[PDB]
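Structure 1 and structure 2 below are the same protein chain in two forms, each given by itself as structure tokens.
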Structure 1
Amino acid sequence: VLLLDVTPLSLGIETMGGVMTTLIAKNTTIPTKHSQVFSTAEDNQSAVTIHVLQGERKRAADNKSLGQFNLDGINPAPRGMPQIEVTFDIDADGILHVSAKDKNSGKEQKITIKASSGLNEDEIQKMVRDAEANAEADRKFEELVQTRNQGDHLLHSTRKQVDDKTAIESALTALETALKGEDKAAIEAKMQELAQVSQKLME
């Protein structure tokens, strides 16, 4: 074969912090079916938002949206606990079916997206030449959101382990006021501090 039909671009979902986390790589041959288990970003999260994205760039907002939908009913429960199976199927006709399932509740939802949607050739050329153009660029937002997400969980997971307090609370607002920043090593520095006024709650 000289020819073959492929889904032209990365396709995935958005995850915490606003990254695109893909399920099916660009130029993958289709029909192709893929599955990936997600969980919940915050504790006692009851519902989630599955957003389908087309494109290569690390930041969700930069990729083409194909659709979105909710998965509700999830038991309130500690972040990471709920097993949320996300599945992409592209059949023959290039019809794209996404579906998210709560292993617990067994609650499930699905979206059916049209073959004709996404990016067009011109768009798909620019997506890529845009992508590698901002390679370094995007590997940067990568570890950033990695760290926000990390400091966020703490901000959260510290706040409830608590005078080394008047102090912890301090950190907490040095951490909160940094998370919002685009300076990683900062956020992480600030994390470092919390890491050491808080010992005397582990002690």
Structure 2
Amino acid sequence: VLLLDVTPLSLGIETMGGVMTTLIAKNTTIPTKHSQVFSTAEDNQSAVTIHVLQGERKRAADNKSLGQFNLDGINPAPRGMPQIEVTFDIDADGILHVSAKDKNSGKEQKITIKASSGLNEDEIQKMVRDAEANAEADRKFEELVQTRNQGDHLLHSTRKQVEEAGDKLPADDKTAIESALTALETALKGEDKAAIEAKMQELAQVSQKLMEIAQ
């Protein structure tokens, strides 16, 4: 009632694209416990890395690392099908516990990060500093990462749909679709949002008949 313990910077994890995903927002009163469900980036993926971040920057590399841990024992499945629940728990003593539970396999991996960990009062105000200074550049980096993920989705999603189709797809359409996927997969390698959107345009137009088949 005269003071509060609060988190001075956001706390979350690295997700696909090297983006920070926030679990506990800046200026939250401790104690506190928040959960979110994540999944696997690629097929038959046996493990995830849980990289813990403190900071307000969107690029994971621009935030302070507090540690990372693996959870393995993820049973083979399509990507985005496994449920990896991540929980950030800060108790009254200012300790952050982070868990990852595979909701199928019941398995679990924690890390404990002392109250003393992370950036000091000075480094904090610097971080808030750069966040506002590089809001623009961070917005750009985000909507490129979103584009890259939309592309990747569209790419993997189409390839699967091409196999389930088999003989059902006209040779012509397969030739044209496979060319666009090869060029998208190339574009995804690079940093040029416009060019990824261009290969995503090229696919939509040539894939019209493949889509129909997926019925």
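Between two forms, the rigid core is the largest collection of C-alphas that superpose within 1.5 Å. The first residue in the sequence of structure 1 is number 1, and each one after it adds one.
Hinge residue among 123, 142, 84, 99 for the rigid-body motion between structures 1 and 2: 142.
Two rigid parts make up the chain, and between structures 1 and 2 the smaller of them rotates against the larger by 15 degrees on C-alpha superposition. In the rigid-core superposition between structures 1 and 2, residue position residue 170 carries a C-alpha shift of 4.0 Å. Core superposition places the C-alpha of residue 134 0.8 Å apart between structures 1 and 2. Shown is the Cα shift of residue 147 between structures 1 and 2 after rigid core superposition, which amounts to 1.9 Å.
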